[PDB]
Amino acid sequence: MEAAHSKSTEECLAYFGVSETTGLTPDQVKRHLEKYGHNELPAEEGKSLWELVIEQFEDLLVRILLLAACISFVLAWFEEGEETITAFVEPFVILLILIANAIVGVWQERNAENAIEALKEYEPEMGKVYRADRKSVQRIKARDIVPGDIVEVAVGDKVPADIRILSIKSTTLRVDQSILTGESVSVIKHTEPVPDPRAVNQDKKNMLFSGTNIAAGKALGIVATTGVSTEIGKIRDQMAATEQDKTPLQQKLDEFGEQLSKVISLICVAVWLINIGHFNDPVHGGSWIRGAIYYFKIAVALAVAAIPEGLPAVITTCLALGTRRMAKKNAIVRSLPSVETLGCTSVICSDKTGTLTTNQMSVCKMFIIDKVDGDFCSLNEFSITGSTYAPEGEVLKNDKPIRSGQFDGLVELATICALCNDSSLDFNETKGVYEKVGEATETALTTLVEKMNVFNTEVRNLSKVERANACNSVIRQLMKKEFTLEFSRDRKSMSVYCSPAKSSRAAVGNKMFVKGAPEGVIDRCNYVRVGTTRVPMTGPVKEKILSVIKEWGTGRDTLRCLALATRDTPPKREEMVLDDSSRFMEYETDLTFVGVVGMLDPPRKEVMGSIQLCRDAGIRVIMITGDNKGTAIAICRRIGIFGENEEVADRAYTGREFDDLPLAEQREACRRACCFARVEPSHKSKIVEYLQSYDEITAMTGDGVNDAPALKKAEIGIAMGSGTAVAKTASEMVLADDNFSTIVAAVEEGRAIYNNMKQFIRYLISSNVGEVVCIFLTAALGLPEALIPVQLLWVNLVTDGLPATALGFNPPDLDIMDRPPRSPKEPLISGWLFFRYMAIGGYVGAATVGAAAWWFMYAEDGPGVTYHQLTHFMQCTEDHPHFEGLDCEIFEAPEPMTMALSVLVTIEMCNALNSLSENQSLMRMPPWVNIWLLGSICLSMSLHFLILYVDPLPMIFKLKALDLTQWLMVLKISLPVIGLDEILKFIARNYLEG
Ligand SMILES: C/C=C/C/C(C)=C\[C@H]1C/C=C/C=C/C[C@H](C)/C=C(\C)[C@@H](OC)C/C=C/[C@@H](O[C@@H]2O[C@H](CO)[C@@H](O)[C@H](OC)[C@H]2O)CC(=O)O1
Ligand code: NA
C-alpha cells in the first residue's frame, strides 16, 4: 500500500484484510512474507574480489607491460653468461610495478566508505507486532515484519517499517524525522487520513516512516510498505541505480593510455620495417635466433620507455598531501581523485540556512497599530539591537531607546511570542554564552520577550541563569497554556488556547494566540488591535500591514516576517475537536491583528567575498532556500548572487513554478537559474540532471537522507559536518564548519593542485618520450644498446619520481581565480605544448644515444672506433678482419651505457627545474624557489652515485663508475637542455600570448 496515507484507517485494514485486535494470522504471515518479501534493504552484493584485481589488467597498456614481462621472462632464462641474481631482474621489477600499480588502483578500501551500508544502520534489529497466534505483544526481527502487520511503537523505539497509524494510545505522538526531513523538531502525528494522494512525506501526518524513531508517545498502526517500497527503500534504490562518472582527468589518462598503446604498437612495426633488409641476407650468414633476441629485447624496452611507470605513485602522493591541505581548510574530502576535479567545479548549488547563513535567528524589527480613523492609518515600527540569542540588547523607536511596556500593543506582542512558543533559552557556562533550545525561529521570539520586558521585571538583581527565562516566565504567570494547535503547511500558522490564572486579570474568558505566515493570518483577521481598543479590519489598514511586510521582505533588510494575531472570542473547550488537524484553521478565524515581527537569518561573514570570488572564477552559484520567491531573490541580491538592480524574473523559480514548466523549459531554466525557492524533495537531483546535460560539473549540497540521491548523482557531492552519516558517506566532500566559503576555498586549492599536477605529468611524459627516441635511434641505425629496461624503470620510478613528487609543492601561480573553470574535455598536451616537449624529448634521445656513441668512438679511455663499423657490432665474430682491437665484449661495455644513463638523469634534473613554471623564465622564477625540488634533486643525484659506487648495485644495473673526466662530457651534453627550453619559453610568451 503506497498510498496508505490517503486511505482511512478502516480502508487500510480492509485492504490487507486484518483485524486490528487480533492481527495477522500465521497463515497470512506466510502469504504476505512470501509475496512482499522480507522487510529489509537488499544486501549490497556485486562486491569486489579477485575480479577487482582482474579489472586492473583490463586496459591495453597494462597488458602491453604485462606482455613485456612474459617476453622478458623468456629472454631471462635464455643466456650464456653464468650470472646468477642478475638473471631474473628485468621480468622481476616489471611485476613489482605491475603489482604495485594494481594495488594503487585496487585501493578502494580505506579511501572510500559505503553509502548503502550506512543506510542500513537506520533499520532496527527487532520490532513489536500483534499476531493472531498469541494475545500479548511479541517482538520479532524487523525483517520478519510484513505489510499488513499490526505493529506497536513507543518512546525510544526505532520505526521498523512504513506504518499507517491506526490508534494513538498516548496523549500525543511525537516522531523525530530528522533523517527524512532535516528539521529536528519532532513532528506530531494523527490518525485521520491525508486527502492528497501524492502529498510529500512532510504532509503525511499519519505515517511512521522506517528509520525514524519515536521521540515521545505510544501508538499502534498497520504496516503499509516494507523493504525497498519504504521511503528509505525508495531512496536506496535511487542511490543504487545512480552510476558515478569518473573525473575528467581520469578520462584523459585512460585516453592517453590508448594513444600511448598505438604509439608503442606503431614503433614496434616501424622497427620491424626498418630491418626489412634482412630479407636480402644469407641463411648461412648466421642464426635467426640471434636476431629474434634483438627484436624481443627491443620491444620490452619500448614498453618500459613509453610508459610513465612512476606517474601513479607521484599523483597518489601529491593528492594525499593535497588531502591534508583540504582538511586544514575545513574540507574533509572523501576520495583522492575528488581533490583534483574540485577545481573543475563550474556550478555550486548550495542551501541557504546554515551554509550561506549563520543560522543565528534574531528579531530585528516589529510594528503594531498606532491608531485607526477612517482613511487615515498609522503604524508603530520598532528596532531590536543584538543579533544573537542572548537577551543583551534593547528596543528603540526611530533610533531612540524606549520602554516597551509603555505600549499596550507591545505588551500583547510579547505575550503571544512567549505563550505561542515551544522553545526557550538556556545559558551555557562551559561555552560562556546563551544557547538555543528548539527552533531558531521560536528561540528568537523567546529572546525578543526577554529584551522587551513589557511588565518591567528586575534584571540587574537576577543571575545569568535566571535571566534566561525571566520575562517569558512572567507571561506564563498570567495565562495558562491549555493546549497548542500544531503547525502545518496547509495554513502555515500556529495557535495556542490559553486560560487566565485565578486572579481576575480582566480577561474575557479564554484566548487563542495565533502565530504564522503574514498573508495567511492577516486574511483570517476580521479585527485589528489598537493598544487596548479594537476596530474592524478595514481596507486601508490591511494595505498598510501587507505593504510594510512587503517592504521588509523585499527590501535590503531581507527579513522573515511573522504576523501575530489573537482570538478574543474563541470556541469553548468542548466544541473544539482536538484531533482533527484540518479544523485547526477554522478555529484560527475571526482574529484580531496584534502586530508583526521581522527576524533575519544573517548571511555568513565571508560569503560576500566568496560569492564575488566565484564571479571572477567563472563558477555559477545557485541558491536553494525555503523562503518565498520574493525574499529569496532579495537575499540573493544581498549576498552577491544577484545585482542590487538587475532583472531576475527568469533567473529564479519556486518549487511550484519550476514543476509546472514543461520538460524542455525545465532544462532551459537550469542553465540560467541562480535561485530556487520552496524546492521539492526530488527537485535537487532533477536540477543536477539538467546541469549534467550541459556537460557541467555540478556541486550539490545536502545534509539528510533526502539529499543523498542528489549528492550521489552530483559530480561533487557536498555534505555538512553536522549532517547525518548517510549524507557524509554519499558525498564527495564534507564541510567541517558548514560554510560556503570553505567550498570555494577548497575549489581554489583544487585548481592549484591540478596546475601543479598537470605540470609534473608533462615532465614525466617528456622523459618517457626521450627514452623512446633513444631506443628508436639506437635500434633503427643499428647501434649497440644505449639503455637497458632495468635502468629505464629505476629512472622513471626514483630519479624522475622524487622531483616529480616535489613538483607538487610548486608555488601557486597567482591570479588563478581570475580565469574560468577548467574545461572537462581539455587536453593535457596540445598545439605548442606538444611541440615543446617533443623537441625536448627529441634532444634527450639524441643526447643519450650520442653520449654512448661518444665513448664507443671519440673517447678518452674508450676505443678509437668509427661509426660505420660501430653499427655492425653484431658481426664481431663473423667479420673478423674488419673488427680488431680488443674483445668483442667491448661492444657490450658498461661505460657507454653509463654515459647514456648519466646524460638522461642529468637532463631530467635540469628539466625538473624547467618544470618549476610552465612559461615563466628561470631568470624571473629562481630555481631555488621550490626548496623541496632542490632537496629531491640532491637526493636523486645522491642515489645516482649510489648505483655506481656501492658494488652490489652497478652489477645489476649494468653500469660502471665514471670519473671527473667522463662526468665533464655528461654536463656538456646535458646542460644545453635548459637553454633550448628557455628559448621555447621565450617564444611562448612573445610570439603566442595574445
Ligand atoms: C587521475 C587520478 C587518479 C587517482 C588515484 C588515487 C590513482 C591513480 C592514478 C593514475 C595514474 C595514471 C597514469 C597513466 C599511465 C599511462 C599509466 C600507468 C603508468 C599504468 O601502468 C602501466 C598504471 C595504472 C595504475 C592506476 O590504474 C587505474 O586503472 C583503472 C582501470 O583501468 C582506471 O580506471 C584508472 O584511471 C584513472 C587508473 O588510474 C592505479 C591508480 O588508481 O592510479
Ligand atoms: Na556522488
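Tabulated data
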quantity: Modelled FRET efficiency - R0 35 Å, residue 492 with residue 612, Cβ distances, 0.05 increments; calculated: 0.50
quantity: Protection proxy ranking of 398-406, 189-197, 669-677 - average other beta-carbon atoms within 10 Å, highest first; calculated: 669-677, 189-197, 398-406
quantity: Helix axis angle, 683-692 relative to the chain longest principal axis, alpha carbon, degrees; calculated: 30
quantity: Loop-resident sites, the range 896-949, for chymotrypsin sites (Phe, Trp or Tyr not before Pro), counting at most 11 other Cβ within 10 Å (DSSP); calculated: 928
quantity: Label-point separation, residue 983 to residue 455 (7 Å along Cα→Cβ), nm; calculated: 9.3
quantity: Filter on 169/572; 205/686; 128/204; 218/713 - keep pairs with C-alpha separation over 31 Å; calculated: 218/713
quantity: Sequence-distant residues sharing a close amide H with residue 145 (under 5 Å, placed H); calculated: 39
quantity: The range 359-602, relative contact order [Cα under 8 Å, separation at least 6], %; calculated: 23
quantity: All-pairs alpha carbon distance profile, the range 503-649, 5 Å steps from 0, percent; calculated: 2, 8, 15, 16, 13, 12, 10, 8, 7, 5, 3, 1, 0, 0
quantity: Counting all C-alpha pairs of the range 462-526, share separated by more than 15 Å (%); calculated: 63
quantity: Semi-axis lengths (Å, descending) of the ellipsoid that matches the C-alpha gyration tensor of the range 359-602; calculated: 26, 22, 18
quantity: Where a label projected 7 Å from the Cα of residue 580 along Cα→Cβ would reach, residues of the range 186-223 with amide N under 13 Å; calculated: 192-193
quantity: Rg to Rh, two decimals, where the range 832-936 supplies the alpha carbon set and Rh follows Kirkwood; calculated: 1.16
quantity: Entries in 246/825; 436/464; 120/246; 397/544 that, when Cα-Cα distance is taken, lie over 23 Å; calculated: 120/246
quantity: Cβ crowding within 10 Å averaged over residues, with 230-236, 109-115, 969-975 ranked highest first; calculated: 230-236, 969-975, 109-115
quantity: Ordering of 604-617, 628-641, 532-545 by burial proxy (mean other Cβ atoms within 10 Å per residue, highest first); calculated: 628-641, 604-617, 532-545
quantity: Alpha carbon Rg of the range 520-606, scaled by the compact-globule rule 2.2 N^0.38 Å; calculated: 1.33
quantity: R0 of 41 Å, Cβ-Cβ distance residue 34-residue 108: FRET efficiency to nearest 0.05; calculated: 0.65
quantity: Stokes-Einstein translational diffusion, the range 229-276 - Kirkwood Rh over all Cα pairs, 1.306 mPa s, 10 °C, in µm²/s; calculated: 109
quantity: Relative contact order of the chain, pairs being alpha-carbon contacts under 8 Å that are 6 or more residues apart, as %; calculated: 11
quantity: In sequence order, calculated HN-Hα J values of the range 391-405 (Karplus, 6.51, -1.76, 1.60; Hz; x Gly/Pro); calculated: x, 6, x, 6, 9, 9, 10, 6, 6, 9, x, 9, 8, 5, x
quantity: Under 5 Å, built H, 5+ apart or other chain: amide partners of residue 485; calculated: 495, 496, 497
quantity: Part-to-part distance (alpha-carbon centres) for the range 451-487 and the range 270-328, which is given in Å; calculated: 82
quantity: Gain in span if fully extended, residue 200 to residue 57, counting 0.36 nm per residue against the direct Cα distance; calculated: 46.7 nm
quantity: Distance histogram for the range 181-290 (every C-alpha pair counted, 5 angstrom bins, percent rounded to whole numbers); calculated: 2, 7, 10, 11, 10, 5, 5, 4, 5, 5, 5, 4, 4, 4, 4, 4, 4, 4, 2, 1, 0
quantity: Helix-only CD estimate at 222 nm, as mean residue ellipticity for the chain, using -39500 (n - 2.57) per DSSP H run (n ≥ 4); calculated: -13000 deg cm²/dmol
quantity: Average silhouette area of the chain, convex hull of alpha-carbon atoms, in square nanometres; calculated: 54.3
quantity: Förster radius 35 Å - calculated FRET efficiency between residue 815 and residue 647 (Cβ-Cβ, nearest 0.05); calculated: 0.65
quantity: Computed over the range 280-393, the ratio Rg/Rh where both radii use C-alpha atoms and Rh is Kirkwood; calculated: 1.59
quantity: Cα pair count fraction exceeding 26 Å, expressed as % - the range 1-144; calculated: 58
quantity: Beta bridge orientation in the chain: antiparallel %, DSSP, nearest 5; calculated: 80
quantity: Label point distance in nm, residue 154-residue 924, each placed 7 Å from Cα along Cα→Cβ; calculated: 7.6
quantity: The range 785-793 - phi-based ³J(HN,Hα) in whole Hz, Karplus 6.51/-1.76/1.60, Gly and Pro as x; calculated: 3, 8, 9, 9, x, 4, 6, 4, 5
quantity: 5 Å binning of all Cα-Cα separations within the range 410-474, expressed as whole percents from 0 upward; calculated: 4, 20, 30, 25, 16, 5, 1
quantity: The range 461-592, relative contact order in percent, only Cα pairs under 8 angstrom and at least six apart counted; calculated: 24
quantity: Added length on full extension, which subtracts the Cα-Cα distance from 0.36 nm per residue, residue 241 to residue 82; calculated: 51.2 nm
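Every residue, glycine among them, receives a Cβ derived from its backbone with ideal geometry; neighbour counts consider all protein chains shown. Rule-based calculations on the coordinates, nothing more; no lab input.
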